[PDB]
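Protein chains in written order, with PDB author numbering: chain A, 657 to 707; chain B, 506 to 555; chain C, 506 to 555; chain D, 758 to 808; chain E, 758 to 808. In what follows, a structure is listed as structure tokens, so that the remarks can point back to it.
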Amino acid sequence: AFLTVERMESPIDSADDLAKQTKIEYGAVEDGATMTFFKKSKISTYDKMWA
Amino acid sequence: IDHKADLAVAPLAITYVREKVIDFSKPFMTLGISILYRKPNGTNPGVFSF
Amino acid sequence: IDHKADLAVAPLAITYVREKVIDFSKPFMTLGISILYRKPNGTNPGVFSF
Amino acid sequence: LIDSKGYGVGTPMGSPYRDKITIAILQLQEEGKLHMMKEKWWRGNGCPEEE
Amino acid sequence: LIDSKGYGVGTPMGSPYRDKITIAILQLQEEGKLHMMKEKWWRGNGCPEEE
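Dropping the structure here:
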């Protein structure tokens with residue numbers, strides 16, 4: 657069934673899911689609006705994203 | 506702020522610093538941060554593969 | 506319309522019909538319509554399914 | 758999503774509270790407490806209800 | 758989505774043109790005009806899928 661239907665899908669589907677794993681590198685626009693927002697955001701999962 | 510160009514139709518985000526100096530109209534479009542990553546072309550890695 | 510309340514704070518989408526009549530603040534919760542449907546209940550439970 | 762319509766609060770046509778509330782809500786958006794504000798009344802009560 | 762920023766025009770304090778342009782853009786949004794354009798320059802090639 658897997659061979660016939662080939663439900664290929666990356667394990668990441670959410671920001672928290674992205675934060676849990678570390679194999680795939682992350683990032684955003686350097687000195688961009690997004691990363692500046694990540695400053696002081698202090699969400700329980702986005703602080704680790706900032707680091 | 507100097508009123509040289511009164512209208513500012515442009516993709517300028519409504520930020521607190523900008524709003525202090527110039528007022529913005531209501532957002533025609535509400536943008537937000539998302540996650541960008543390639544299309545999932547699944548590959549099966551050995552032990553997980555079988 | 507009659508200034509009993511100097512600020513009418515309430516959950517209400519910004520609309521054309523009301524904006525001309527009374528002023529609305531910036532969108533504190535952007536949203537829209539959506540479609541709700543029951544989760545697909547597969548026939549997974551049941552040890553006799555084999 | 759289907760529609761593009763965000764909530765708002767009534768304000769007199771020339772009330773000075775309009776710009777003050779605008780500044781306050783942009784500050785709330787920037788600081789990020791609006792996310793937990795949404796969560797407390799939307800996701801916080803669903804803490805055991807999740808599947 | 759992660760955050761809920763917004764775009765728009767820049768105007769000075771209490772610009773009379775702002776309070777009419779916001780009504781105009783609300784009218785266009787409720788008329789659906791701003792969405793067909795919001796998809797016009799996006800689907801340059803669509804989604805080519807074979808599976």
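Where a beta carbon is used, it is the ideal one built from N, C-alpha and C, also for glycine.
Closest by C-alpha distance to residue i, when choosing among the options
{"i": "B:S530", "options": "E:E796, E:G789, E:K777", "result": "E:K777"}
{"i": "A:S697", "options": "D:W798, D:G803, D:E787", "result": "D:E787"}
{"i": "D:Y764", "options": "C:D511, C:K509, C:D507, C:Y521", "result": "C:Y521"}
{"i": "B:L541", "options": "A:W706, A:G683, A:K679", "result": "A:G683"}
{"i": "residue 724 of chain A", "options": "A:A689, A:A707, A:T701", "result": "Here chain A comprises residues numbered 657 to 707, so residue 724 of chain A is not present and cannot be evaluated."}
{"i": "C:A510", "options": "D:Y774, D:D760, D:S761", "result": "D:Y774"}
{"i": "B:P516", "options": "A:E665, A:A689, A:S670", "result": "A:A689"}
{"i": "B:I519", "options": "B:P532, B:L512, B:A513", "result": "B:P532"}
{"i": "A:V661", "options": "B:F553, B:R523, B:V552, B:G547", "result": "B:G547"}
{"i": "residue 558 of chain B", "options": "D:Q784, D:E807, D:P769", "result": "For residue 558 of chain B there is no data in the structure shown, the boundaries of chain B being 506 and 555."}
{"i": "residue 594 of chain B", "options": "E:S772, E:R800, E:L758", "result": "A query on residue 594 of chain B cannot be resolved here, the shown segment of chain B reaching from 506 to 555 and no further."}
{"i": "B:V514", "options": "E:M770, E:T779, E:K762", "result": "E:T779"}
{"i": "A:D669", "options": "B:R543, B:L536, B:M534", "result": "B:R543"}
{"i": "A:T678", "options": "A:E686, A:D687, A:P667", "result": "A:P667"}
{"i": "A:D703", "options": "A:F658, A:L659, A:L674", "result": "A:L674"}
{"i": "A:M705", "options": "A:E686, A:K676, A:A657", "result": "A:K676"}
Cβ distance (whole Å) where residue i is taken to contact residue j below 8 Å
{"i": "B:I538", "j": "B:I506", "result": "That belief does not hold up - the Cβ atoms of B:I538 and B:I506 are roughly 28 Å apart, past 8 Å."}
{"i": "A:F693", "j": "E:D760", "result": "7 Å"}
{"i": "B:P545", "j": "A:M664", "result": "5 Å"}
{"i": "residue 505 of chain C", "j": "D:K795", "result": "With chain C represented from 506 up to 555, any question about residue 505 of chain C goes unanswered, as that position is not in the structure."}
{"i": "D:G789", "j": "A:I699", "result": "6 Å"}
Any non-hydrogen atom of the ligand FAD closer than 7 Å to residue i Cβ
{"i": "B:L512", "result": "You won't find the ligand FAD in this model; it holds no ligand whatsoever."}
Note to self: Please identify, using Cβ separations under 7 Å, the residues of the region 524-552 of chain B that lie next to chain E, in order along the chain.
What the structure shows: The residues in question are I527, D528, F529, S530, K531, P532, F533, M534, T535, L536, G537, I538, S539.
Margin query: Any C-beta of chain D within less than 7 Å: which residues of the region 670-682 of chain A qualify?
Written below: Against chain D - using a Cβ distance shorter than 7 Å - the region 670-682 of chain A contributes no residues.
Item checked: Every unbroken alpha helix (DSSP H) inside the region 780-806 of chain D [4 residues or more] -> DSSP assignment within the region 780-806 of chain D yields the following whole alpha helix (DSSP H) runs of 4 residues or more, N-terminal first: 790-799.
Notebook entry, point to check: Along the region 764-786 of chain D, what residues have a CB closer than 9 Å to any CB found in chain B?
Noted result: Residues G765, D776, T779, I780, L783, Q784, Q786.
Notebook entry, point to check: Taking a cut of 8 Å between CB atoms, which residues from the region 684-699 of chain A lie near chain B?
Noted result: The region 684-699 of chain A vs chain B, Cβ under 8 Å: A689, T690, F693.
Notebook entry, point to check: In the region 507-519 of chain C, which residues sit with their C-beta less than 7 Å from some C-beta in chain E, listed in chain order?
Noted result: The residues in question are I519.
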